[PDB]
Colleague: 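Input: one structure, supplied below.
Note on naming: letters A, B, ... go to the chains in the order of the sequence lines (proteins, then strands), and numbering restarts at 1 for each one.
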There are 2 protein chains.
Amino acid sequence: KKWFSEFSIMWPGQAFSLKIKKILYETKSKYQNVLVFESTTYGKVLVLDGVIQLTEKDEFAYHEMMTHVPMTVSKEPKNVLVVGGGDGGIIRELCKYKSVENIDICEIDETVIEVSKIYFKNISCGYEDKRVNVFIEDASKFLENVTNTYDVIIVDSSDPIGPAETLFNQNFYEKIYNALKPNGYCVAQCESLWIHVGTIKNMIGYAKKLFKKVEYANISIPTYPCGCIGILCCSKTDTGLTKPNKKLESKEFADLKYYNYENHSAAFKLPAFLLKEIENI
Amino acid sequence: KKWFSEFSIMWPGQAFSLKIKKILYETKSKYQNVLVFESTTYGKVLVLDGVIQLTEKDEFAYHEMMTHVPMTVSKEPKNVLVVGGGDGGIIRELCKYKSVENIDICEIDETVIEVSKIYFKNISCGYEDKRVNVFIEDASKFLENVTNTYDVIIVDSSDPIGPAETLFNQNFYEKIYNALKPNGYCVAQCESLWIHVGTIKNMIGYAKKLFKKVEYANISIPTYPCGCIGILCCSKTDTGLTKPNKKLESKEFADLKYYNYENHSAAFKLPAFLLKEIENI
Ligand SMILES: NCCCCCc1nc2ccccc2[nH]1
Ligand SMILES: NCCCCCc1nc2ccccc2[nH]1
C-alpha cells in the first residue's frame, strides 16, 4: 500500500503523510489537480493541487468553528455567503439554523462541488436544502456584482498558492466590507500560527483598514499543516466575535463534535509569542 | 538532503517528516536508540526510538505549559520532582521560580541528559542550577525509595512503547499520590485527543481512584503527532488546576513564549467529543 505525502513551499522542511487504502478519483480540472482517496485511518480525503483540503475524520473541527463562531454572535442572521468551500461542510453547519433564509456559495471550480456530492455525502448533504444557491464564479467578480448584502460571510479558501491567491489582499477585504450589512461579520481561513506569522500579520493589517474589530482564533485539526489553522474574525461593531450571544441547544445541534459555548471564547486565547507579534499592527 | 520520518504503531496510517540539514549524533544506549539532527526549519531535533521528543522551534510550548500550569496553582512550592524529562526543558522553566528550594529529576537513561547538555544548551541550561539533583534510575524504584514528599510532580514521559511503558498504569499513580504533599499536584504527559482517546480515558480512570480532582488540558505543538498533546492534571484538593493563583510577572518570566494567565484556563476547554467520551468515567 502506498502513502500520500503533502509537500509545499508554504511549509518548507516539513511534510505530513497518510496511508492510502485506495485511490477513488483523480482529474485535472480547469483550475487545479483533484485527488480523492480512502485513507487507512482518516477516512476519505480530498486533495487539491497536492494539499489536503479535508478528511472525514477531523473535518468537523474546522467546519463547526468557522460557522458557529460568527453564527452564534450574529443575532438574527438571514442571508449568509460562503466563499470557496465547494465541499459543502460550512453549508452543512449553516443549514442547522432555522432562522437562516438564504445561503449563497461562490466556488470557482464546480468539479470540487460535484466530487463532494458523489464521494463525501455526509459533507455535501446541505446542497439539498432549498435555501442554498450555488454560483460557479471567481469570488472577486461575485462580490463586485452581488446586489444583496449579507449578515455573515465565511471565507473557506484554500491557501494563497492557487486559485485562492486573489483572496489574501487588501482589495478583497474592501469588497467583503461593502458586501456586509452594517452590523455584519466576516470570518476567513487564516493559516497556522506555527509557520505563517508574516501572513497572519498582513491579513490583520488589511482587515484593520476597514473593520473596527479584527480578532484571531485557533482551531486544532491534525490534517492541516502544523496541526492547527486560524480564523481571521472581522467585525463592524465595537464588540467583536469572541463571545457568543446564544447557545446551540436545539435538536439540530445535538451532534456537534467540537464547538461548544466555552471553547468559542477559549479559541481566541492565543500563545504569548503571537500576541506579541500582532500587538502594534 | 534526506528526510526524517516518524512512523509508529501508536499512530497507524499517519507520519510526520522533517527535512535533515545534517545528522549530529546517533547511538544505541542501554535503553533506546538516540538520534540528534539539525532540521532545515525546526532547528535541532531529538529522536528516541524513532519518535520525536523535542525540537528547538516549538519545545517551549510543551515545557511552559507542563511547568507553569501546576506551578502557578501551587501556592509556595519548595520541592519539585520531574520524572523523565532528561532533556532539561521542564527544569529550565522550574528554575525561574526563586521560591523553589530543591528540584529532583529521575531519568533512567543518562545518555539523554548528556546529549542534551552537549547539543541543546538552551534547553539543558537548568542543570547548572545548584538546586537541581539528578538520579539515574527507574521512576518506579525512585518513587518507592524517596523519603521526601513533593509540592509538584511533573511526569515528562515518552510514549507507552519504550522505557516509559511502566508510567501508564494504576500502580504508578499510587506511588505518585503517596509521594505528594497532602495539598500537592501532579501533571503528566497524556497523549493526543485526536487519536489516543482510549488511553486518555484509562489514565483518567487510574487517576480518579486516588485523586479527588482529575482534569485534562491540551497544548498545541506541531512536532508531536496530530499537532497536540495533553496534560493529565491530578489534584488532592477540591479546587484543581484550571485557575492560576498568581501571575508570572517578575523578570525571569518576561521571555515566556506560550503560557500566559488566560491561556492557562483556556487549555482546559476541550472539544465537545472528548467531553462526551470522558463524562461517565
Ligand atoms: N493548508 C490549509 C488548507 C485549508 C483548506 C480549507 C479549505 N478546504 C476546502 C475545500 C474546498 C474548497 C475550498 C477549501 N478550503
Ligand atoms: N509522541 C509524543 C512524545 C512526547 C515526548 C515528551 C518527552 N520528551 C522527552 C525528552 C526526554 C525524556 C522524556 C521525554 N518525554
Colleague: Is there side-chain contact between A/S157 and A/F168, with at least one heavy-atom pair below 4.5 Å?
Modeller: yes
Colleague: Going by the salt bridge (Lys or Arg N to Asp or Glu O under 4.0 Å) test, which pairs reach into residues 225-236 of chain A, not counting sequence neighbours?
Modeller: none
Colleague: Looking at B/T41 and A/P12, would you say the former's side chain and the latter's main chain have a donor-acceptor pair under 3.5 Å?
Modeller: yes
Colleague: Quick check: does any side chain N or O of A/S235 sit under 3.5 Å from a backbone N or O of A/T237, one acting as donor and the other as acceptor?
Modeller: no
Colleague: B/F7: what forms a ring pair (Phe, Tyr, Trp, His ring centres under 6.0 Å) with it, not counting sequence neighbours?
Modeller: A/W3
Colleague: So do A/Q53 and A/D87 actually touch side chain to side chain, heavy atoms under 4.5 Å?
Modeller: no
Colleague: Side-chain donor-acceptor contacts of residues 264-279 of chain A below 3.5 Å, not counting sequence neighbours, with atom names and distances?
Modeller:
{"residue": "A/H264", "atom": "ND1", "partner": "A/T72", "partner atom": "OG1", "Å": "3.3"}
{"residue": "A/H264", "atom": "ND1", "partner": "A/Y259", "partner atom": "OH", "Å": "2.8"}
{"residue": "A/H264", "atom": "NE2", "partner": "A/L241", "partner atom": "O", "Å": "2.7"}
{"residue": "A/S265", "atom": "OG", "partner": "A/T242", "partner atom": "O", "Å": "3.1"}
{"residue": "A/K269", "atom": "NZ", "partner": "B/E262", "partner atom": "OE2", "Å": "3.4"}
{"residue": "A/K276", "atom": "NZ", "partner": "A/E279", "partner atom": "OE2", "Å": "3.3"}

Colleague: Could you tell me whether a side-chain N or O of B/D58 sits under 3.5 Å from a main-chain N or O of B/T223, the two making a donor and an acceptor?
Modeller: yes
Colleague: Taking the side chain as every heavy atom from C-beta outward, state whether A/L210 and A/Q170 have any atom pair closer than 4.5 Å.
Modeller: yes
Colleague: Do A/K181 and A/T149 have a side chain donor and acceptor closer than 3.5 Å?
Modeller: yes
Colleague: If a pair satisfies side-chain hydrogen bond (donor to acceptor under 3.5 Å, both in side chains) and one of its residues is in residues 198-214 of chain A, list it, with sequence neighbours excluded.
Modeller: A/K212-A/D238
Colleague: To the nearest 0.5 angstrom, please state how far the CD1 atom of A/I229 sits from the SG atom of A/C190.
Modeller: 9.0 Å
Colleague: Might you work through the side chain to side chain contact (heavy atoms under 4.5 Å, CB included) test for A/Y173 and A/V214, ending with a clear yes or no?
Modeller: CA-CA 12 Å; A/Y173 274 80; A/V214 179; over 6 Å; no
Colleague: Hydrogens and angles aside, do A/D151 and A/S74 bring a side-chain donor and acceptor to less than 3.5 Å of each other?
Modeller: no
Colleague: Could you tell me which residues satisfy ring pair (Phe, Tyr, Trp, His ring centres under 6.0 Å) with A/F135, sequence neighbours excluded, listed by chain and number?
Modeller: A/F142
Colleague: Under 4.0 Å between a side-chain nitrogen and a carboxylate oxygen: does that hold for A/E38 and A/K22?
Modeller: no
Colleague: Closest heavy-atom contact between A/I108 and A/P163?
Modeller: CG2-CB, 4.2 Å
Colleague: Would you say the side-chain atoms of A/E110 pair up with the backbone N or O of A/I136, donor to acceptor, closer than 3.5 Å?
Modeller: no
Colleague: Please determine whether the number of non-hydrogen atoms from other residues, nucleotides or ligands lying under 6.0 Å from atom CD of A/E114 exceeds 12.
Modeller: yes
Colleague: Okay, side chain of A/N33, backbone of A/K28: is any donor-acceptor separation there less than 3.5 Å?
Modeller: no
Colleague: With sequence neighbours left out, write down each residue that passes side-chain contact (heavy atoms from CB on, under 4.5 Å) with B/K57, or none if nothing qualifies.
Modeller: A/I195, B/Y42, B/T55
Colleague: Test of understanding: with side-chain contact (heavy atoms from CB on, under 4.5 Å), list the residues that count as partners of A/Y261, not counting sequence neighbours.
Modeller: A/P244, A/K247
Colleague: Identify, with sequence neighbours excluded, every residue that meets side-chain contact (heavy atoms from CB on, under 4.5 Å) alongside A/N178.
Modeller: none
Colleague: When you measure from the side chain of A/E191 to the backbone of A/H196, do you find a donor-acceptor pair of N or O atoms at a distance under 3.5 Å?
Modeller: no
Colleague: If only atom types and distance count, is the side chain of A/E215 paired as donor or acceptor with the main-chain N or O of A/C233 below 3.5 Å?
Modeller: no
Colleague: By the salt bridge (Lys or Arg N to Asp or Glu O under 4.0 Å) test, which pairs, at least two apart or in different chains, include something from residues 129-145 of chain A?
Modeller: A/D129-A/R131, A/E144-A/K175
Colleague: Under the ring-ring contact (aromatic ring centres under 6.0 Å, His included) definition, can you give me all pairs with a residue in residues 82-117 of chain A, not counting sequence neighbours?
Modeller: A/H68-A/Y97, A/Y97-A/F253
Colleague: What pairs with A/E128 under salt bridge (charged side-chain N to carboxylate O under 4.0 Å, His left out), at least two apart in sequence or on another chain?
Modeller: none
Colleague: Please examine the side chains of A/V36 and A/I118, heavy atoms only from C-beta on, and report whether any two atoms are closer than 4.5 Å.
Modeller: no
Colleague: Check whether any side-chain heavy atom of A/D159 lies under 4.5 Å from a side-chain heavy atom of A/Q189, and answer yes or no.
Modeller: yes
Colleague: Counting distance only, does the side-chain N/O of B/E64 pair as donor-acceptor with the main-chain N or O of B/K257 below 3.5 Å?
Modeller: yes
Colleague: Kindly indicate whether the side chain of A/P222, heavy atoms from C-beta on, has any atom under 4.5 Å from the side chain of A/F16.
Modeller: no
Colleague: Does any pair with a residue in residues 209-249 of chain A pass ring-ring contact (aromatic ring centres under 6.0 Å, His included), and if so which ones, sequence neighbours excluded?
Modeller: A/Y62-A/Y224, A/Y177-A/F211
Colleague: Taking side chain as C-beta onward, heavy atoms only, is A/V152 less than 4.5 Å from A/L94?
Modeller: no
Colleague: Is it the case that the side chain of A/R92 and the backbone of A/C125 share a donor-acceptor pair, with hydrogens and angles ignored and the cut-off at 3.5 Å?
Modeller: no
Colleague: Applying side chain to side chain contact (heavy atoms under 4.5 Å, CB included) to A/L48 and A/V34, what does each step give before you reach the verdict?
Modeller: CA-CA 5 Å; A/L48 295 187; A/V34 182; 3.9 Å; yes
